[PDB]
């Protein structure tokens, strides 16, 4: 196959900015490249074919460039309705493939998260499992590292994360991360902590509790 790589999300811009989204084909596809735009809950719609030809209908602020293995989508002045995900796609080969997509979300000032840790409820422990939850509230930008630590040992492979969509009132994110343990192992350990790394914090903020201790 041919693998299409785009940059990671999100891309932060404001109304009026000039935005460029790149695309990298793992081999030469000459100029057989397409660009699609997708809003959440809606199907994609085509913007650019043959790498640089505007689809009939698409506003003129959209433009495409490139050949061989590197391509570029460009929005001269970003409009309010241009916040979406953009996929590239090589066509005119035996099997088409898309890039993973690049989402362009709203730009704001850096905001550090407020961090909360929640122990398992006595209700849940009686049922045999323990979920420790760590909340990162209203932060910007999207990138944030949540490191679980149990009796000071860094925990990997037993936590899951979920992020809210960018807030419409203040364009921040919130993050929930659940660490899941058997009840039996939950009580083999004393200190539970999550360590939050984010560019709005001078140093990693840690919130912790000692199991059983009020």
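Residue numbers count along the first chain shown, from 1.
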Comparing 109 to 117 with 73 to 81, which stretch shows the greater average C-alpha B-factor in the deposited entry?
-> 73 to 81
When mean C-alpha B-factors in the record are compared for 53 to 61 and 143 to 151, the larger belongs to 53 to 61
Classify residue 36 as lowest, middle or highest third according to the C-alpha B-factor given in the PDB entry, relative to its own chain.
-> lowest
Residue 24 - which third its CA temperature factor falls in, relative to the rest of the chain | highest
Compared with the other modelled residues in the chain, in which third is the CA B-factor of residue 161?
-> lowest
Relative C-alpha B-factor of residue 208, binned into the chain's lowest, middle or highest third | lowest
In terms of the CA temperature factor given in the entry, to which third of its chain does residue 198 belong: lowest, middle or highest?
-> middle
